[PDB]
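Data file: structure.txt. Format and content: compact mmCIF, C-alpha atoms and all ligand atoms.
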```txt
# COMPACT_ATOMS: atom_id res chain seq x y z
CA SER A 1 114.07 90.68 106.17
CA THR A 2 115.94 92.00 103.14
CA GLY A 3 115.55 92.16 99.36
CA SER A 4 118.11 92.60 96.57
CA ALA A 5 117.23 93.12 92.90
CA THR A 6 119.24 93.96 89.80
CA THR A 7 118.32 97.13 87.91
CA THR A 8 119.07 97.36 84.18
CA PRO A 9 119.27 100.32 81.79
CA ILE A 10 116.42 100.27 79.26
CA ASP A 11 118.70 101.47 76.47
CA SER A 12 122.26 102.41 75.48
CA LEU A 13 121.90 105.84 77.02
CA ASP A 14 120.62 104.79 80.47
CA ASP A 15 117.44 106.82 79.83
CA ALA A 16 115.90 104.86 82.69
CA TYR A 17 116.35 101.67 84.66
CA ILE A 18 114.03 98.68 85.02
CA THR A 19 113.82 96.25 87.91
CA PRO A 20 111.82 93.01 87.86
CA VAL A 21 108.92 92.89 90.32
CA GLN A 22 106.76 89.88 91.21
CA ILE A 23 103.04 90.70 91.53
CA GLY A 24 100.26 88.29 92.49
CA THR A 25 99.70 84.58 93.00
CA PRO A 26 101.07 82.89 90.97
CA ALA A 27 103.72 85.51 90.34
CA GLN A 28 103.39 87.87 87.39
CA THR A 29 106.76 89.47 86.72
CA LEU A 30 106.79 93.03 85.46
CA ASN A 31 109.71 95.34 84.81
CA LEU A 32 109.17 98.52 86.78
CA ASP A 33 110.89 101.87 86.91
CA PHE A 34 111.89 102.45 90.52
CA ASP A 35 111.19 106.13 91.13
CA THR A 36 112.38 107.90 94.30
CA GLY A 37 110.61 111.01 92.97
CA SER A 38 107.04 109.63 93.19
CA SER A 39 105.00 107.38 95.45
CA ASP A 40 102.71 105.33 93.24
CA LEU A 41 103.20 101.70 92.18
CA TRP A 42 101.25 101.46 88.93
CA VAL A 43 101.28 98.89 86.18
CA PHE A 44 100.13 98.21 82.69
CA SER A 45 97.28 95.72 83.07
CA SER A 46 94.41 93.81 81.51
CA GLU A 47 92.36 96.99 82.16
CA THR A 48 94.60 99.28 80.09
CA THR A 49 93.03 100.69 76.92
CA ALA A 50 94.08 98.15 74.31
CA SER A 51 95.25 100.78 71.83
CA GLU A 52 97.55 102.22 74.54
CA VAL A 53 99.50 99.01 75.14
CA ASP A 54 102.33 98.17 72.72
CA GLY A 55 104.59 95.39 73.88
CA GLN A 56 104.53 95.99 77.61
CA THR A 57 103.91 93.09 79.97
CA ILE A 58 100.56 93.52 81.72
CA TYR A 59 99.25 92.57 85.15
CA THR A 60 95.99 90.58 85.01
CA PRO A 61 94.45 90.75 88.50
CA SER A 62 91.78 88.20 87.61
CA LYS A 63 94.55 85.59 87.28
CA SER A 64 95.87 86.30 90.75
CA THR A 65 94.23 84.49 93.65
CA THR A 66 95.55 87.12 96.07
CA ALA A 67 94.34 90.21 94.19
CA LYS A 68 91.49 92.19 95.75
CA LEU A 69 89.82 95.20 94.22
CA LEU A 70 90.25 98.19 96.54
CA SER A 71 86.69 99.39 96.27
CA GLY A 72 86.14 102.93 95.10
CA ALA A 73 89.84 103.73 94.90
CA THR A 74 91.18 105.57 91.88
CA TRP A 75 94.50 107.21 91.01
CA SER A 76 95.95 109.72 88.57
CA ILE A 77 99.49 111.02 88.20
CA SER A 78 101.71 113.06 85.88
CA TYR A 79 105.49 113.14 85.47
CA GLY A 80 108.23 115.59 84.54
CA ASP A 81 108.00 115.05 80.84
CA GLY A 82 104.29 115.78 81.02
CA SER A 83 103.35 112.12 80.72
CA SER A 84 100.54 110.69 82.87
CA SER A 85 98.56 107.61 83.79
CA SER A 86 95.37 106.83 85.71
CA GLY A 87 93.16 103.97 86.77
CA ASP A 88 91.77 101.89 89.62
CA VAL A 89 93.44 99.91 92.42
CA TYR A 90 93.87 96.35 93.67
CA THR A 91 95.70 95.08 96.66
CA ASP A 92 98.04 92.11 96.06
CA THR A 93 101.26 90.40 97.00
CA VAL A 94 104.36 92.17 95.73
CA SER A 95 107.91 90.90 95.98
CA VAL A 96 111.16 92.66 95.09
CA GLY A 97 114.35 90.66 95.09
CA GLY A 98 113.07 88.14 97.64
CA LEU A 99 111.37 90.70 99.85
CA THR A 100 107.59 90.27 100.04
CA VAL A 101 104.83 92.67 101.00
CA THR A 102 101.24 91.50 101.31
CA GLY A 103 98.35 93.88 100.77
CA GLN A 104 100.37 96.29 98.65
CA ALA A 105 98.30 98.73 96.63
CA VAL A 106 98.91 97.88 92.94
CA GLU A 107 97.50 100.71 90.85
CA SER A 108 96.00 99.37 87.63
CA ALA A 109 96.29 101.58 84.56
CA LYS A 110 93.13 102.22 82.59
CA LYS A 111 94.84 105.03 80.74
CA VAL A 112 98.44 105.92 79.91
CA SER A 113 99.74 108.70 77.70
CA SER A 114 101.61 108.17 74.49
CA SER A 115 105.10 108.32 76.00
CA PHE A 116 104.32 105.29 78.14
CA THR A 117 102.75 103.42 75.26
CA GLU A 118 105.71 104.27 73.11
CA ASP A 119 108.17 102.75 75.57
CA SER A 120 107.77 98.99 75.48
CA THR A 121 110.48 98.38 78.05
CA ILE A 122 108.68 99.88 81.04
CA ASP A 123 105.71 97.96 82.44
CA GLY A 124 104.99 100.53 85.14
CA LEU A 125 106.44 102.48 88.05
CA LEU A 126 107.27 101.67 91.66
CA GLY A 127 107.41 104.86 93.73
CA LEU A 128 109.88 105.28 96.57
CA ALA A 129 109.34 108.90 97.64
CA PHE A 130 107.28 109.47 100.80
CA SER A 131 103.74 108.15 100.97
CA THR A 132 102.33 111.60 101.40
CA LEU A 133 102.67 111.99 97.65
CA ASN A 134 100.63 108.85 96.83
CA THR A 135 97.74 109.82 94.53
CA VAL A 136 95.20 107.19 95.49
CA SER A 137 91.76 108.62 96.28
CA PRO A 138 89.90 108.73 98.51
CA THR A 139 92.23 106.64 100.74
CA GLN A 140 95.90 107.40 100.19
CA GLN A 141 98.10 104.30 100.04
CA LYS A 142 101.62 103.46 101.21
CA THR A 143 104.64 102.73 98.97
CA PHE A 144 106.31 99.34 98.88
CA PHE A 145 109.11 100.58 101.16
CA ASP A 146 106.77 101.98 103.85
CA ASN A 147 104.85 98.72 103.84
CA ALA A 148 108.07 96.68 104.11
CA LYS A 149 109.86 98.93 106.59
CA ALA A 150 108.64 97.23 109.79
CA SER A 151 109.95 93.86 108.46
CA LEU A 152 113.33 95.03 107.25
CA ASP A 153 116.56 94.33 109.07
CA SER A 154 117.25 98.08 108.80
CA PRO A 155 114.74 100.66 107.54
CA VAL A 156 116.74 101.56 104.46
CA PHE A 157 117.02 100.98 100.76
CA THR A 158 120.04 101.69 98.57
CA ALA A 159 120.41 102.61 94.94
CA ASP A 160 123.54 101.51 93.05
CA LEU A 161 122.92 102.45 89.45
CA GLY A 162 125.34 101.46 86.72
CA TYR A 163 126.82 103.52 83.93
CA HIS A 164 125.86 101.66 80.75
CA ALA A 165 125.60 98.62 82.99
CA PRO A 166 123.28 96.83 85.42
CA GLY A 167 123.11 97.90 89.05
CA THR A 168 121.34 96.98 92.24
CA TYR A 169 118.49 98.04 94.50
CA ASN A 170 118.83 96.64 98.04
CA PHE A 171 116.21 96.77 100.79
CA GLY A 172 116.89 96.40 104.48
CA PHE A 173 120.71 96.38 104.44
CA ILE A 174 123.83 98.23 103.28
CA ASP A 175 126.27 96.20 101.22
CA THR A 176 129.71 97.28 102.46
CA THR A 177 131.41 95.65 99.44
CA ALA A 178 129.48 97.90 97.06
CA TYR A 179 131.23 101.17 97.74
CA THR A 180 134.62 102.66 98.46
CA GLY A 181 135.65 104.77 101.40
CA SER A 182 132.93 105.79 103.83
CA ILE A 183 129.34 106.86 103.49
CA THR A 184 128.56 110.52 104.11
CA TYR A 185 125.11 111.16 105.47
CA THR A 186 123.20 114.39 104.94
CA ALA A 187 119.92 115.79 106.25
CA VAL A 188 116.62 115.34 104.48
CA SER A 189 113.52 117.47 104.39
CA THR A 190 110.29 115.54 103.79
CA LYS A 191 107.95 118.59 103.68
CA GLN A 192 107.50 118.33 99.90
CA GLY A 193 107.36 114.53 100.06
CA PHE A 194 110.73 114.02 98.37
CA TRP A 195 114.17 112.87 99.41
CA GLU A 196 115.15 116.52 99.51
CA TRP A 197 118.63 117.50 100.61
CA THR A 198 121.22 120.23 100.32
CA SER A 199 124.41 119.81 98.35
CA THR A 200 127.42 121.78 99.62
CA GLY A 201 128.82 122.89 96.24
CA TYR A 202 130.37 121.82 92.95
CA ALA A 203 133.44 121.77 90.78
CA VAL A 204 133.84 121.62 86.97
CA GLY A 205 136.57 119.25 85.82
CA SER A 206 139.88 120.00 87.56
CA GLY A 207 138.54 123.35 88.71
CA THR A 208 138.42 124.60 92.26
CA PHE A 209 135.45 123.68 94.43
CA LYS A 210 132.77 126.31 94.82
CA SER A 211 131.08 126.22 98.21
CA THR A 212 127.42 126.94 97.71
CA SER A 213 124.20 125.40 99.04
CA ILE A 214 122.12 123.65 96.36
CA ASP A 215 118.79 122.30 97.56
CA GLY A 216 117.34 119.49 95.48
CA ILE A 217 116.01 115.97 95.33
CA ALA A 218 117.53 112.56 94.94
CA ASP A 219 115.46 111.24 92.03
CA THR A 220 116.14 107.87 90.40
CA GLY A 221 113.19 108.53 88.15
CA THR A 222 114.75 111.54 86.47
CA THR A 223 117.40 110.71 83.87
CA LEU A 224 119.49 113.89 83.94
CA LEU A 225 121.06 116.29 86.42
CA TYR A 226 119.10 119.53 86.74
CA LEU A 227 120.90 122.41 88.49
CA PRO A 228 120.70 126.23 88.73
CA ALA A 229 121.44 128.09 85.52
CA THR A 230 124.63 129.66 86.94
CA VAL A 231 126.09 126.22 87.75
CA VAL A 232 125.11 124.72 84.40
CA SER A 233 126.47 127.71 82.46
CA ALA A 234 129.75 127.31 84.36
CA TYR A 235 129.92 123.65 83.28
CA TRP A 236 129.10 124.02 79.57
CA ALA A 237 131.43 127.01 79.24
CA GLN A 238 134.25 124.48 79.54
CA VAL A 239 133.09 122.61 76.44
CA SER A 240 134.06 124.08 73.06
CA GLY A 241 131.01 124.67 70.94
CA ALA A 242 128.47 123.91 73.62
CA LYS A 243 125.36 126.05 73.59
CA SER A 244 121.90 126.24 75.02
CA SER A 245 119.38 125.47 72.26
CA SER A 246 115.74 126.47 72.63
CA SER A 247 114.76 124.38 69.64
CA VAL A 248 116.21 121.24 71.15
CA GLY A 249 115.26 122.07 74.71
CA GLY A 250 118.56 122.48 76.56
CA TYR A 251 122.35 122.37 76.28
CA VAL A 252 123.86 120.54 73.31
CA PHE A 253 127.52 120.10 72.40
CA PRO A 254 129.68 118.76 69.57
CA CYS A 255 129.58 114.99 69.68
CA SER A 256 133.39 115.14 69.04
CA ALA A 257 133.90 116.70 72.46
CA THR A 258 135.57 115.18 75.45
CA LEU A 259 133.46 116.35 78.42
CA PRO A 260 134.92 117.42 81.74
CA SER A 261 133.81 115.77 84.94
CA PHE A 262 131.39 117.33 87.40
CA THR A 263 131.85 117.13 91.17
CA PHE A 264 129.03 117.72 93.67
CA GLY A 265 129.38 118.15 97.44
CA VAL A 266 127.86 115.98 100.14
CA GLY A 267 128.77 117.56 103.44
CA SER A 268 132.57 117.67 103.34
CA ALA A 269 132.68 114.78 100.86
CA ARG A 270 132.79 114.94 97.06
CA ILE A 271 131.15 112.79 94.37
CA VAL A 272 132.68 112.87 90.94
CA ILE A 273 130.58 112.37 87.81
CA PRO A 274 132.93 111.39 84.98
CA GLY A 275 132.46 113.45 81.80
CA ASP A 276 131.35 110.42 79.77
CA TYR A 277 128.39 110.14 82.11
CA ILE A 278 127.21 113.57 80.89
CA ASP A 279 126.99 112.48 77.21
CA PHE A 280 123.47 111.58 76.07
CA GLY A 281 124.39 111.19 72.43
CA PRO A 282 123.03 112.58 69.15
CA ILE A 283 120.00 114.83 69.42
CA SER A 284 118.57 112.87 66.48
CA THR A 285 119.85 109.83 64.63
CA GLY A 286 123.03 110.61 62.69
CA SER A 287 123.41 114.10 64.20
CA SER A 288 126.85 115.42 65.26
CA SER A 289 125.20 117.59 67.98
CA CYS A 290 124.86 115.66 71.24
CA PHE A 291 122.52 116.22 74.20
CA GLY A 292 123.98 117.27 77.54
CA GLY A 293 123.39 115.35 80.73
CA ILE A 294 123.56 118.47 82.87
CA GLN A 295 120.69 120.86 82.29
CA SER A 296 119.15 123.95 83.87
CA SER A 297 116.48 123.59 86.52
CA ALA A 298 115.24 127.14 85.84
CA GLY A 299 111.64 126.57 84.83
CA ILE A 300 111.19 123.31 86.80
CA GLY A 301 111.05 124.93 90.26
CA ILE A 302 113.39 122.45 91.90
CA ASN A 303 116.92 121.04 91.40
CA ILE A 304 117.06 117.35 90.56
CA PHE A 305 119.89 114.96 91.33
CA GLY A 306 118.81 112.51 88.64
CA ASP A 307 120.40 109.31 87.41
CA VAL A 308 123.38 111.15 85.94
CA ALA A 309 124.39 112.13 89.44
CA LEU A 310 123.12 109.13 91.41
CA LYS A 311 124.86 106.56 89.20
CA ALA A 312 128.24 108.10 90.23
CA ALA A 313 127.51 107.04 93.80
CA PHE A 314 126.23 104.37 96.15
CA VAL A 315 123.18 106.02 97.68
CA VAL A 316 121.45 105.17 100.94
CA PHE A 317 117.85 106.18 101.40
CA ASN A 318 117.55 106.04 105.15
CA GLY A 319 113.90 105.84 106.18
CA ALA A 320 114.53 105.97 109.92
CA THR A 321 112.30 108.14 112.11
CA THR A 322 114.41 111.03 110.97
CA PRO A 323 115.22 110.18 107.37
CA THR A 324 118.61 110.97 105.89
CA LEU A 325 120.49 110.34 102.67
CA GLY A 326 123.96 108.77 102.43
CA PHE A 327 126.42 109.01 99.51
CA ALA A 328 129.63 107.13 98.90
CA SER A 329 131.98 106.82 95.94
CA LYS A 330 132.27 103.41 94.29
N1 LIG B 1 110.43 111.64 89.69
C1 LIG B 1 109.17 112.02 89.38
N2 LIG B 1 108.18 111.21 89.26
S1 LIG B 1 108.88 113.72 89.12
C2 LIG B 1 110.54 114.48 89.13
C3 LIG B 1 110.27 115.89 88.63
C4 LIG B 1 110.42 116.18 87.25
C5 LIG B 1 110.14 117.48 86.84
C6 LIG B 1 109.73 118.47 87.73
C7 LIG B 1 109.60 118.20 89.10
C8 LIG B 1 109.87 116.89 89.52
CL1 LIG B 1 109.70 116.56 91.21
```

Let's see the structure in the file written out as structure tokens.
Ligand SMILES: N=C(N)SCc1ccccc1Cl
Amino acid sequence: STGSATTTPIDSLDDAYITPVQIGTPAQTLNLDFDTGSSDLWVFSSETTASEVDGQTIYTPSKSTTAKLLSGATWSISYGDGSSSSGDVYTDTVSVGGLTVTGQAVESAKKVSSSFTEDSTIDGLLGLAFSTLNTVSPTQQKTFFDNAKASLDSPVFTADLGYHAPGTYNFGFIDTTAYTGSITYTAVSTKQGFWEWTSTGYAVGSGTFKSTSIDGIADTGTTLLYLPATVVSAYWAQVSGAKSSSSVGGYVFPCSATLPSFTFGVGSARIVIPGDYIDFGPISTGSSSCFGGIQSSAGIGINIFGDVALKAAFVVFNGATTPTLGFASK
């Protein structure tokens, strides 16, 4: 089997991407944030605190003939921006782009924090990191991919995120029309539960390539590119007027700037992030100070190849016995 679903930016800045997901019988379609940095599928629901829901679409398990409460199971998770959600669990039928999994754990939100409530475009998350990070207690649950893996033509999924445009998530196959050149595969460590790999270096604009190992994660659920302070200083030093601002929370630059590209290494191959991809617009409405898309990971504890980087490539999450990651230009 295979699945193929379109993923759409939630706003003009590609702050995140949503993908429609069918849950239950009859189907209830919710727009989820596919997150290769976590391993929980949770949704806004009929159980969510009423005051904490504002325009999201909710899952109502009582209207689904295939929903079953997973007795005694609870869950609780937090994300990079300090948001969080928690609740109980049902099992139900979940389909993504024509690919169906029965008995998927669907984690039902009783509580979400304000950032979730405040974002009406995201109805929940669908985690695609390794199942060892799943938060369900006392019986940890598997991710949609892990449940589907045995059925897939090939035990892979691919992320093809657009720049200010829709993209695609495919399950079970690699679309050879979706990329240029060849795919370069690189080793993955799963010891922290992430799609953790090691980049071979970087370049800033038309600058020479610096060979240096940068360990980090491939994370569709992080918007920006978070890299060591040395690397990020080297980038912003090429932009007149750029500066790191503690009040704003990172590097900002004159909105009048033309940004240089950023290249990252994958084995002997190179992925180029166009400068426009690194522009996240005014820090506040009407401001002429713009927020940078490359930021320091100092303080986070890990480097993060977020959407800014992943959208410059066609990315293969290979969930074979020994998982690997593949990157091609497109
Ligand atoms: N992708 C996620 N759900 S968490 C990504 C992240 C953000 C900040 C600090 C660490 C991580 Cl792993």

- prompt: When distances are computed from all atoms listed in the file, which of A:263, A:244, A:51, A:104 shows the smallest separation from residue 207 of chain A?
  reply: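 Of A:263, A:244, A:51, A:104, the one nearest residue 207 of chain A is A:263, counting all atoms listed in the file.
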
Given all atoms listed in the file, how would the per-residue table for chain A near ligand LIG 1 (chain B) read, listing every residue at most 6 Å away with its closest atom pair and distance in Å to one decimal, sorted by chain and number, as a Markdown table?
```
| residue | atom | partner | partner_atom | distance |
| --- | --- | --- | --- | --- |
| A:35 | CA | B:LIG1 | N1 | 5.7 |
| A:37 | CA | B:LIG1 | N1 | 3.3 |
| A:38 | CA | B:LIG1 | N2 | 4.4 |
| A:79 | CA | B:LIG1 | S1 | 5.0 |
| A:80 | CA | B:LIG1 | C4 | 3.5 |
| A:219 | CA | B:LIG1 | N1 | 5.6 |
| A:221 | CA | B:LIG1 | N1 | 4.4 |
| A:222 | CA | B:LIG1 | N1 | 5.4 |
| A:300 | CA | B:LIG1 | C6 | 5.1 |
```

- request: Considering only C-alpha atoms, return as a VMD selection string whatever protein or nucleic-acid residues lie within 9 Å of segment 303-315 of chain A, sequence-local ones (same chain, fewer than 4 positions apart) excluded.
  value: chain A and resid 14 to 16 157 to 163 167 178 to 180 183 214 to 228 262 264 271 to 274 277 to 278 293 to 294 296 to 298 325 to 330

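Atom CA of residue 237 of chain A to atom CA of residue 198 of chain A spans 24.4 Å [interatomic distance, one decimal].
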
field: Spatial neighbours of residue 254 of chain A, max dist 8 Å, all atoms listed in the file, sep filter under 6 positions, as an MDAnalysis selection string
entry: chainID A and resid 240:242 288:290

- request: Name the residues in contact with residue 140 of chain A at a cut-off of 10 Å, using only C-alpha atoms, excluding same-chain residues fewer than 4 positions from it; report them as a PyMOL selection string.
  value: chain A and resi 40+73-75+105+131-136
